[PDB]
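Taking it in order: structure first as structure tokens, then the write-up.
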There are 2 protein chains.
Amino acid sequence: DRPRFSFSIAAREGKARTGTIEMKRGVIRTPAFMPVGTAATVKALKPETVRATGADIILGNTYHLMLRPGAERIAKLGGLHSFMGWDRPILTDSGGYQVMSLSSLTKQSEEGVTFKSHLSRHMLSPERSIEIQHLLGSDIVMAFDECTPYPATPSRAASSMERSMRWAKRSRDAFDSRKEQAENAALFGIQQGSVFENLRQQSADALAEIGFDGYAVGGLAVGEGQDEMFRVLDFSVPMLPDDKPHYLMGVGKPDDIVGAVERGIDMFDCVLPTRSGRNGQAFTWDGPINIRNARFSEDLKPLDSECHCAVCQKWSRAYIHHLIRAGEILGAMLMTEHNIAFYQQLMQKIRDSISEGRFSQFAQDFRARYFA
Amino acid sequence: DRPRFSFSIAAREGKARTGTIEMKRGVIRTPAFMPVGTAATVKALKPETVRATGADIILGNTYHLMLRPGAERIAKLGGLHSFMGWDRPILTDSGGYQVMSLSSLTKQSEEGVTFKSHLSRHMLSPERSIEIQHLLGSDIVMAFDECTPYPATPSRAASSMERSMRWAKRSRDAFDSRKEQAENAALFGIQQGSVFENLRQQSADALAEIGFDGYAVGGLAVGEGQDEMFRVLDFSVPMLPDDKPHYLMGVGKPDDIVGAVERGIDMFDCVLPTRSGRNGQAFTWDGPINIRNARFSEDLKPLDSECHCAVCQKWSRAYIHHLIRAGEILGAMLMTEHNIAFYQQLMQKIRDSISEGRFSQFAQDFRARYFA
Ligand SMILES: CCOC(=O)Nc1nc2cc3nc(NC)[nH]c3cc2c(=O)[nH]1
Ligand SMILES: CCOC(=O)Nc1nc2cc3nc(NC)[nH]c3cc2c(=O)[nH]1
Ligand SMILES: [Cl-]
Ligand SMILES: [Cl-]
Ligand SMILES: [Zn+2]
Ligand SMILES: [Zn+2]
């Protein structure tokens, strides 16, 4: 039987790595892209379709699930895996980011965050976050953190990061005090420190002293732009333990993913393929297209000329254009399946190119064609 | 190779019949239920899923397709079958009903109907209707008719029926003058006459003199109620040729279908399973349920206890309740697949019970449990 958690690096090129995470519920090929399951569904896809695209693991939003249908309710029904019908690994976020971005009213303190839902008063703390993630039956549990707004002054970035590190220790202890969770799940810590190298180093040191199964680079993709995100990754990823997975949450566009892998990132999640698919944006190897545009009304070609997904095997741009213009559910279904499949094909090409020692060339060829 | 059209009756019980329609694109088992493809999609289902539920044939709405994406455009793209990815028979309606129920402004005359779309001025006539259905590549073409509003005075019902019969002859001649359509498709005529036996007889006689591949009972399910619909069917169906299919369009609830089969109907279509599925109504052998209701929030049972569909094999009422409450696309997908599968299972039980000479008992047992 598979272990609780084992990360193994099979090949490397520069800072990029390819390998596997073995967990009780399955193997995760890295670098990995996680489709986002907001409220117990990857929007517009059955779980079998998510798997057919190549996904090994999905993400669930703790903030949404604790509000609807409720964490205790999901536990009573047998956990998130059986509730939604996905039997493979699930990573749950902590709630610490969405509580601040999505709540109408919040009160922050050293204890945690109290908030009002957009749909009653609610509470999130390191302890409650770890508990909710346990009730959901999460395989990869995220420490409860604070995502510092950008831009941040050095003082505010430091104060925020320091609180996040105290919360990381509380998250570790809560997780370890629940025997079933400690034996069957993994716990990742989240580095903070905004764009400041010294704070990033202090955060990495604090997380490594506590000890986690994996390490995320938090606090990025919050308005700083790709140049600055890459500059921060340049010095931040090498601070993390080499032998554990490196996770960049909330990223991103295809070129963001490629450059982040070049900088040592092993795991990603983003709503872009699902949300923008529903809005009519399709990813192709020649860049994104907006299927709503009139130029596609009689285009018999598939969304992408090389894509192997079931949507591209069968339906035309012209048909999907009609569905999206008409507001048809099938339009959302087909666009989402293709976009998630495209993202998985990107990850497969990244993995294979690292394994063959030609990732640098792949990245160059990818960028030249995608931005032509 | 299959013929253009062959209807064969394999077994009978009272007025009920079971058999097959063979056409170039496939075999249709009768009595048959046709899921409705409004604008080139059975809403929220891939065509493979429609087929997996047991459907042999789907319906397409001429009124919608001529407005978006357009009949000539669909023809240029290769026809409706390849456009939407359904390779089996498609029955198209004539447009004569939806033009009057859905248009914002209409002008009726002996030539046809001019109208304004809810999304420009447009025109429908017997000739244009048959042409549109040809451009779509329809397998079963419907004569262009007028559905008399209910209630109707004898004078107005007679005038409307007489116009419909003149339009039936024009539909026949238009269809026959297009060699490719006449050789590969079938044409059904539509009986009118409101609730009046003498007008129904005159209409049946006119249609039989013209000659069609099948005959529909038009002008029902327009507010008269089940008792009156059944009373009209009692005398109307025996007026039609016994050796051709009998089609009751726009019907209906499960009990409407059972009683209509008891009265000699072989074919049905209705938006009820799809539309009401998206709205949270699920059909069960114990009657419909509203999955939005709070009583289902922790119900681990499938939608129906006996249903063999993929939704009932995997997901709980509690999960689907959550999806529908949340407005999730997957909720619409799962409810629709189950409801269409339920309707197909109803048709299968009807067919099998007629074949075994126990349809009367099935109808009694069905009604006792469904309305308990
Ligand atoms: C995935 C687990 O993350 C957490 O528990 N906290 C967290 N979430 C983030 C989500 C983000 N999304 C974006 N951009 C779209 N940037 C993000 C940063 C964080 C973060 O610092 N911390
Ligand atoms: C299916 C082909 O029908 C036509 O071309 N004309 C037509 N359509 C109808 C649709 C109806 N839907 C309902 N109730 C929901 N009743 C209907 C009657 C007709 C009709 O008389 N004539
Ligand atoms: Cl995101
Ligand atoms: Cl209907
Ligand atoms: Zn594709
Ligand atoms: Zn079912």
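Sequential numbering from 1, following the chain as shown.
Looks like X-ray crystallography, 1.4 Å, at least that's what the header says.
Just so you know, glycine gets a Cβ as well, placed from its N, Cα and C.
In the three-state DSSP assignment, the secondary structure recorded for A:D93 (active site, proton acceptor) is coil. Taking Cβ-Cβ distances under 8 Å and a sequence gap of 6 or more within the same chain, the neighbours of A:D93 (active site, proton acceptor) are A:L59, A:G60, A:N61, A:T62, A:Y63, A:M142, A:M249. The active site, proton acceptor feature in Swiss-Prot is assigned to A:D93.
In three-state terms derived from DSSP, A:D269 (active site, nucleophile) belongs to an extended strand segment. Residues annotated as active site, nucleophile in Swiss-Prot, with sequence analysis given as evidence: A:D269.
Annotated substrate binding site per Swiss-Prot: A:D93, A:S94, A:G95, A:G96, A:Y97, A:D145, A:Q192, A:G219, in sequence order, evidence recorded as experimental evidence.
Positions annotated as Zn(2+) binding site by Swiss-Prot: A:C307, A:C309, A:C312, A:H338. Sequence-distant neighbours of A:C312 (Zn(2+) binding site) (same chain, six or more apart, CB under 8 Å from its CB) are A:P302, A:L303, A:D304, A:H338, listed in sequence order. Look at A:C312 (Zn(2+) binding site): DSSP puts it in a helix.
As a summary of secondary structure, the region 'RNA binding' (A:250-256) carries 3 helix, 1 strand, 3 coil according to DSSP. What Swiss-Prot lists as region 'RNA binding' is A:250-256 (among others), and the listing cites experimental evidence.
If you look up Swiss-Prot, you'll see A:274-278 (among others) marked as region 'RNA binding', on the strength of experimental evidence.
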Nonlocal residues around A:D145 (substrate binding site), in sequence order (Cβ under 8 Å, 6 or more apart): A:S94, A:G96, A:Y97, A:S164, A:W167, A:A168, A:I190, A:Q192, A:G218
For A:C309 (Zn(2+) binding site), the one of A:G95, A:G219, A:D269 that lies nearest, given that the recorded positions are compared by Cα: A:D269
Most crowded position, judged by CB atoms within 10 A, among A:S94, A:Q192 as binding-site residues: A:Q192
For substrate, whose listed binding residues are A:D93, A:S94, A:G95, A:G96, A:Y97, A:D145, A:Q192, A:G219, the greatest C-alpha pairwise distance in Å: 16
Alpha-carbon spacing, A:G95 (substrate binding site) to A:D269 (active site, nucleophile), which is rounded to whole Å: 15
Per-residue Cβ crowding (10 Å cut-off), top of binding-site residues A:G95, A:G96, A:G219: A:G219
